[PDB]
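Asker: Protein chains in written order, with the deposited numbering: chain A, 416 to 466; chain B, 99 to 147; chain C, 312 to 363.
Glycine is no exception: its CB is placed at the ideal position from the N, C-alpha and C atoms.
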DNA sequence: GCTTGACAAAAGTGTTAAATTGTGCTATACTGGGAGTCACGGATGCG
DNA sequence: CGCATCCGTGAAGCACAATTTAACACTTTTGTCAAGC
């Protein structure tokens, strides 16, 4: 999604079709990941770069 | 058009002048469009009678 | 071209009032608005040498 | 572990207008600039 | 060959053609949702 491994950001459907899921499924799992990672318990380590 | 490096046209000694056996002023006149110089001549019209 | 027009007008109009014309006076005769005149004056700028 | 469909915002196509950039042209006659020196070693030549 | 003397260097204004910007309608895609199967 963010292209961290290659540098090319990808749209939803473009990475939904590499697996066997729709674009909205990619959106749903992305929302899950954003909700889980955004929580302070993990963001406390990553925040200090530009807190 | 061709061009000659100034460091060798003059400098006491003038490397170009010594190389070609021309005085600095004579060489200066040729490089800088002030006098003509004969590049070569054919003997077939010098020793032909 | 327009830079020369501006320069000549600025040089000439001084005798009318005894001051170096400002953007208002210049615009009043160049038929252009002050902001464009300021842009022209900036555009007429020339680079200085580092070796000074 | 995830689909159908429906809406609105953002990413593209294309035509047109406006501005921005480059080359040419002007016919009385006029015809050649002007700017604030000495000291050093090396090439030439004299007997 | 032994050295002196001269020599050059350094220190006024527009017309028309072509190119380039950035307006806008429209199209497509991308992101988003409740409700749900």
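Starting from the C-beta of residue 135(B), find all residues in its chain whose C-beta is less than 7 Å away, skip the five residues before and the five after it, and write them out in chain order.
Answerer: Correct list, in chain order: 128.
Asker: Cutting at 8 Å between CB atoms, please list the residues of its own chain near residue 430(A), excluding the five before and the five after it.
Answerer: 416 and 441.
Asker: When the distance is taken between beta carbons, is residue 107(B) closer than 7 Å to residue 114(B)?
Answerer: A contact, by the Cβ cut-off of 7 Å.
Asker: To the nearest angstrom, report how far apart residue 130(B) and residue 111(B) are at their CA atoms.
Answerer: In a straight line, the C-alpha of residue 130(B) is about 19 Å away from that of residue 111(B).
Asker: Using a 10 Å radius around the Cβ and a threshold of 16 neighbouring Cβ atoms, would you call residue 337(C) buried or exposed?
Answerer: That one is buried.
Asker: Check this for me: beta carbons of residue 345(C) and residue 358(C), under 7 Å apart or not?
Answerer: In this structure, residue 358(C) does not lie closer than 7 Å to residue 345(C) by Cβ.
Asker: Using the beta-carbon count (16 or more within 10 Å), is residue 348(C) buried or exposed?
Answerer: Residue 348(C) should be labelled buried.
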